[PDB]
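Undergrad: I would like to see how this sequence folds:
(chains A, B, C, D and E)
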Amino acid sequence: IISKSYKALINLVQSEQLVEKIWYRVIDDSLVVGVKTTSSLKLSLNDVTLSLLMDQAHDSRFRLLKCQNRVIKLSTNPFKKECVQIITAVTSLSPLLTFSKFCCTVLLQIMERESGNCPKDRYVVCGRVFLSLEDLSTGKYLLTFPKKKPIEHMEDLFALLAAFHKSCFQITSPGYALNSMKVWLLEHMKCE
Amino acid sequence: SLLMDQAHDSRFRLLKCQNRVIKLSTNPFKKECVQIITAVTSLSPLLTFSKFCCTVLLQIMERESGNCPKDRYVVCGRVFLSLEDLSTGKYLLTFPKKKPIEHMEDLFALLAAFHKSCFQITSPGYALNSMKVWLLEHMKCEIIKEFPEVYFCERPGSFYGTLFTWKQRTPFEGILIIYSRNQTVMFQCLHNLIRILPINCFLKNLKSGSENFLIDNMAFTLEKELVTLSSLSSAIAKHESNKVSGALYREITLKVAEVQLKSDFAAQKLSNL
Amino acid sequence: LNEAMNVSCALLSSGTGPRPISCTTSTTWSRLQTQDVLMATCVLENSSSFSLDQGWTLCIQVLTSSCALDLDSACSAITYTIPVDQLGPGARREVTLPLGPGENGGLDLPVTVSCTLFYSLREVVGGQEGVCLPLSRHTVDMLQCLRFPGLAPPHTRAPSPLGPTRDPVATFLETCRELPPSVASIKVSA
Amino acid sequence: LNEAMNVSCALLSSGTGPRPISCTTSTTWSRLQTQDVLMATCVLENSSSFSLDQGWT
Amino acid sequence: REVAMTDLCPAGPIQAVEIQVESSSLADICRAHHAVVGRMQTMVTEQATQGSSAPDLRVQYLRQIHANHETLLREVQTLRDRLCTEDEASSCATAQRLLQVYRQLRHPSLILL
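TA: Numbers count the residues shown, from 1 in each chain, chains lettered A, B, ... in the order given. Take a look at the structure below.
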């Protein structure tokens, strides 16, 4: 009966998979959770976020939990063509490792902007993140530098593009052209 | 403290600076101790003129005298810095090359910038030596020869550049103090440690010194206070032989108040612990 | 250096109550995220003519529990500093810094904030360094830091904070590994 | 469960006042360190009988 | 509150004001007592250089205070030497007993007359 009535609860408030999947990465004292989207979900029309929600079974108290959200758009083999939109949350770790362990669950919230009715306030429950010192002691989600130079699980790239301090710039050389970039990048800086 | 040059900083901001004393015994096996002070700070917001000069200010204040009488300052140098200077290392610590620590200023700059946590360990019915094996064999520790009670963990993935200190007083009841680059690393260690330790090994977090020293603190403040009150009554007990001067009673109660404030302080330390 | 001498002279001498410059140290409760926290508003006041021009700095320093602990505390104290920059007559500024819980009600309470000022010429031109004037050395004791919600003016439903039942490290430790009221009093002559 | 579903139904209804649970939010200036900051006090109030017990967030 | 105490003074119990504090944590008592005692230091050194002095009894109760302090003091000294010697169970009941002494002493502290 109990089960029957939850499912009743869920058709009470209310098909197409609007989210790929959940994945999570540990950086240093930073939790980076992320998600791959689908073409269905239009970030043009839809302000979205992502929270983290702690299990009170573990957390006997109210510590508040804050999470920073990034939207990352990358073009895939540009030289239609696939863009990759990924959405990802960031927070502290030491506060969560209080019980040697914790199980957070993930919420992607969506809202429309066009309609001034606040009509379409959908969500998704986009999975659940189990973690512990037994897991971290064997790496598994960490990024520990140089051995993990050759980046081949792209979530590790996506973790670094979520965790890091982003800073955006224009360079204008108005009586030259500007090409030394690639040399400094490739030769001086030595970029793969 | 640290003090910007306004000649640089047209602009007024704050500047926080976080202070620390570090006591390191030198070749314990009089005996030279090393007391060093330091402050610690954000670079990032300084650099906004590619360059800055800061003056250092060491203030000395007296505790014993409630007159605020002795308020000495020292002006103990001046710092220049620039991205050129950093571009060429020179000050920076960037890891594994600066494993063999042979400029003790770099050790101390570590011991300041790190998150520290102090811990008591007691294996009551059992001697404790597996510390020395977990440090030297499992954790892969280098003793700094200069200061041979300090251990540098060099195990090469996500414990790299974390520091310990180990006094084994009464080889049952030792004390371990962990400088780490964030707290997660602290948790990965305490976890990894408790797995290796005995079953009776009773950890305890220490805020504010070891329990032995806080008992000594309490014992000292109370023994002094009880002697001072016996002194009150003995001053009265010579006035009886020769009704008491309320001025005498006032005089002795101020000395007693000065000891009561200390017993109160030592007691807040013990009643928390 | 003129303005310096005239000010230094005005402060230190005339051993009277009402001074030309002031550093008043108050305490507040403000509410963050979920916790309540202690603040020190230090309010600097210029009741004289002089105008602490430039190459003038303000060195506030917040000194904990004062005793010679064997091992160490992670933070002996803090100091802030601020350029004091034009600051003319009658003028003031207001600088709020926390004292408040260190992660888990972590508050040993004898605590002083001490203000100093600092002139140096080495700022503008030199030629033999700079100066430290003392100012207000106020201590905080428990009796300022206690708070009375039942008696309070509003009589509004404020939730009970109940300071954490354990240290994070302590809860962490226990997980990894598996009464009367105290009284004091005094008497004193009416 | 029952209490939850009853509140949920109350919440999803447009009875023309958000009776069961409210959240008022509100704009404060404060001061930190040096700078005047903009703060949101977000106040959750239970007006109704229903106690939002454990399992809720 | 006001408490007049006749076996302190020889003639006149001045109606001396008692200040009490009661709490769960002994640590908060330690801090608030530290505060009040410092504050009474300030007040009494402020009134000294102006104030005169009332007489005491000189007898019975100051000796009472001496005796009950001396017993505790010699007991603390025996305890300090035991902590120096380091036989077994170094310091648990030692601390639990020292805090009993502390609570004992706190209840009357500095009756200022």
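
Undergrad: would residue C:117 count as being in a strand?
TA: Yes. The assignment for residue C:117 (DSSP: H, G, I helix; E, B strand; the rest coil) places it in a strand.

Undergrad: For it, name its beta-bridge partners.
TA: Applying DSSP bridges to residue C:117 gives these bridge partners: residue C:58, residue C:133.

Undergrad: Surely it touches residue C:55?
TA: No. Using C-beta atoms under 8 Å, residue C:117 is not in contact with residue C:55; the gap is 11.1 Å. C-beta coordinates here come from the backbone N, C-alpha and C atoms, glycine included.

Undergrad: hmm, the longest helix along chain E in reach of chain C?
TA: Criterion DSSP state H: the longest helix present in chain E is helix E:61-85. No. Judged by C-beta under 8 Å from any C-beta of the partner chain, helix E:61-85 and chain C are separated, with a smallest distance of 12.6 Å.

Undergrad: Which strands and helices lie in contact with that helix?
TA: Judged by 3 or more C-beta pairs under 8 Å, 6 or more residues apart in numbering or on different chains; DSSP states H and E, the packing partners of helix E:61-85 are helix B:211-239, helix E:93-106.

Undergrad: Give me the neighbour count for residue 75.
TA: Went with chain A since none was named. Counted with other C-beta atoms under 10 Å in any protein chain shown, the neighbours of residue A:75 add up to 10.

Undergrad: Please refer instead to chain C.
TA: Residues near residue C:75, counting by other C-beta under 10 Å, number 15.

Undergrad: Surely it is in a strand?
TA: No. Under three-state DSSP, residue C:75 falls outside any strand and is assigned coil.

Undergrad: Now for it: which residues touch it?
TA: Residue C:75 sits next to B:18-20, C:64, C:102 when contact means C-beta atoms under 8 Å, 6 or more residues apart in numbering or on different chains.

Undergrad: Please report the residue range of the longest strand in chain E.
TA: Criterion DSSP state E: the longest strand present in chain E is strand E:16-23.

Undergrad: from the chain's centre, how far out does it sit?
TA: Put simply, strand E:16-23 sits 13 Å off its chain's centre (C-alpha atoms, centre = their mean, to the nearest Å).

Undergrad: just stretch B:151-167 next, same as before
TA: With C-alpha atoms, centre = their mean, you get 19 Å for stretch B:151-167.

Undergrad: residues in contact with it?
TA: Here stretch B:151-167 makes contact (C-beta under 8 Å, 6+ apart) with A:136, A:139, A:142, A:144, A:147, B:95-96, B:99, B:101, B:110-111, B:114, B:131, B:135, B:139-144, B:149-150, B:174-181, B:185, B:188-189.

Undergrad: Just the buried subset of those residues, please.
TA: Neighbour counting by 16 or more other C-beta atoms under 10 Å in any protein chain shown classes A:136, A:142, B:101, B:110-111, B:114, B:131, B:135, B:139, B:141, B:144, B:149-150, B:174-181, B:185, B:188-189 among those as buried.

Undergrad: These: which ones sit near chain C?
TA: The subset of these within reach of chain C, by C-beta under 8 Å from any C-beta, is B:175, B:177.

Undergrad: In contact with residue 2, which residues?
TA: The chain I'm using is chain A. Counting by C-beta under 8 Å, 6+ apart, residue A:2 touches residue D:1.

Undergrad: Chain E was what I was after
TA: Going by C-beta under 8 Å, 6+ apart, residue E:2 touches C:190, E:15-18.

Undergrad: Most neighbours among the residues you listed, please name it.
TA: For the contacts of residue E:2, the largest number of neighbours (other C-beta under 10 Å) sits with residue E:16, at 19 neighbours.

Undergrad: surely that one meets residue E:6?
TA: No. The pair residue E:16 / residue E:6 is not scored as a contact, 10.8 Å apart, by C-beta under 8 Å.

Undergrad: quick one on the thing from earlier: just name the most buried of the helices and strands packed on helix E:61-85.
TA: helix B:211-239 (a mean of 19; mean count of other C-beta atoms under 10 Å in any protein chain shown).

Undergrad: hang on, the earlier thing: filter the contacts of residue C:75 to the buried ones?
TA: Using 16+ other C-beta under 10 Å, the buried ones in these are B:18-20, C:64.

Undergrad: Residue B:186: what secondary structure?
TA: helix.

Undergrad: any idea how far it is from residue B:205?
TA: 11 Å (C-beta to C-beta, to the nearest Å).

Undergrad: The two: who's more crowded?
TA: residue B:186 (23 against 18).

Undergrad: what sits against the more buried one?
TA: Taking C-beta under 8 Å, 6+ apart, one finds A:94, B:115, B:117, B:178, B:180 in contact with residue B:186.

Undergrad: The same query, at a cut-off of 7 Å, please.
TA: By C-beta atoms under 7 Å, 6 or more residues apart in numbering or on different chains, the residues touching residue B:186 are B:115, B:117, B:178, B:180.

Undergrad: Of those residues, which pair is most distant in space?
TA: B:115 and B:178 (8.6 Å; C-beta to C-beta).

Undergrad: My read is that residue A:18 contacts residue A:43, right?
TA: No. Assessed by C-beta atoms under 7 Å, residue A:18 is found out of contact with residue A:43, at 11.7 Å.

Undergrad: And what about residue B:251, helix, strand or coil?
TA: Recorded secondary structure, residue B:251: helix (three-state DSSP).

Undergrad: So what's the residue count around it?
TA: Residue B:251: 15 surrounding residues under other C-beta under 10 Å.

Undergrad: and what of residue A:63?
TA: Per other C-beta under 10 Å, the neighbour tally for residue A:63 reads 14.

Undergrad: returning to that earlier point: as CSV, the contacts of residue C:75 with secondary structure and distance to residue A:80 would be great.
TA: Shown next, in CSV, are the contacts of residue C:75 (DSSP: H, G, I helix; E, B strand; the rest coil; distance: C-beta to C-beta, whole Å):
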residue, secondary structure, distance to residue A:80
B:18, strand, 53
B:19, coil, 59
B:20, strand, 58
C:64, coil, 63
C:102, coil, 55
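
Undergrad: Which of those sits closest to residue E:43?
TA: Set against residue E:43, the nearest of the contacts of residue C:75 by C-beta to C-beta is residue C:64 (25.9 Å).

Undergrad: pretty sure that closest one is touching residue C:108, no?
TA: Yes. Using C-beta under 7 Å, residue C:64 is in contact with residue C:108, at 6.2 Å.

Undergrad: ok so, going back, quick one: which of the buried ones among the contacts of residue C:75 is nearest to chain D?
TA: When the buried ones among the contacts of residue C:75 are ranked by distance to chain D (C-beta to the nearest C-beta), residue B:18 comes first, at 13.8 Å.
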